[PDB]
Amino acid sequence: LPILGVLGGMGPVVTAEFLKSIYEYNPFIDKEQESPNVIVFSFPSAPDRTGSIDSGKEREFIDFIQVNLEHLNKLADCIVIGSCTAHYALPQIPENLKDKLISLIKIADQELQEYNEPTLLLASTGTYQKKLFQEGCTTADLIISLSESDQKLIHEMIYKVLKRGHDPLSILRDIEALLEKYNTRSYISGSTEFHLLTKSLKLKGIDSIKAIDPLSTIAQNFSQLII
């Protein structure tokens, strides 16, 4: 049976919610034995991803990812790293440990190709500095980049509200204002913590905003993707 391995804890709140999403969007018919098989390494002790870029110590962070990719390679058939920023480490990791990897950047790119309208990348100065989406996506010309100021506001929302487990709807007004400012009805979850916003929007039936949210997509398409 196909096992998904999740390298998460980046952050832990969104990692737990992602595991919840997997079973929410893959409810069984008769027996639980149908449901997704998942291994989650939720290690918050991973060095901060943006923090490792802003200081010297990217080597420390790449080692964390490399060791845990070795573990999950043996245990799982497909692997997801529960942080977009964390994907910056991948050029340094050997090709053999990335065969089973499903890239959050690629999953985003696929959904944006289908959607085919301009979309606001919500991230994370670290993700922006590393240019993961601009360098990774075939659809890069459909990605609207936040200004440096609004990147810092998004960083504040992530760390002050989302990573702390607070109600993701509390930032919805600020997100709507950004969406209006940049003249778009959609966002990309460039930070995985926007999985938490995306879920709260779907729960309240707010369908005015189009969320290109890789973790939602992975959860929804688990049976198709996990081979």
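All residue numbers refer to positions in the sequence shown, first residue = 1.
Student: If you take the mean CA temperature factor per stretch, which one wins between 48-56 and 22-30?
Tutor: Per the PDB record, 48-56.
Student: Which wins on mean Cα temperature factor, 116-124 or 91-99?
Tutor: Taking the mean C-alpha B-factor of 116-124 and of 91-99, the larger value falls to 91-99.
Student: Sorting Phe64, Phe194, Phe41, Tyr182 by Cα temperature factor from the record, which one lands on top?
Tutor: Spelled out: the listed residue with the top C-alpha B-factor is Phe64.
Student: When you compare the CA B-factors of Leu142, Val80, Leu75, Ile105 as listed in the entry, which one comes out on top?
Tutor: By C-alpha B-factor in the record, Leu75 ranks first.
Student: Please place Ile188 in the lowest, middle or highest third of its chain by C-alpha B factor as given in the entry.
Tutor: Ranked within chain, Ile188 CA B lands in the lowest tercile.
Student: Per the entry's values, where does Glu111 land by CA temperature factor relative to the rest of its chain, in the lowest, middle or highest third?
Tutor: Ranked within chain, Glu111 CA B lands in the middle tercile.
Student: Should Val6 be placed in the lowest, middle or highest third of its chain by the C-alpha B factor in the entry?
Tutor: Its C-alpha B-factor belongs to the lowest third of this chain's values.
Student: Compared with the other modelled residues in the chain, in which third is the CA B-factor of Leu203?
Tutor: Its C-alpha B-factor belongs to the highest third of this chain's values.
Student: Mind checking which third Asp150 falls in for C-alpha B-factor across the chain?
Tutor: Tercile = lowest for this residue's CA B-factor.
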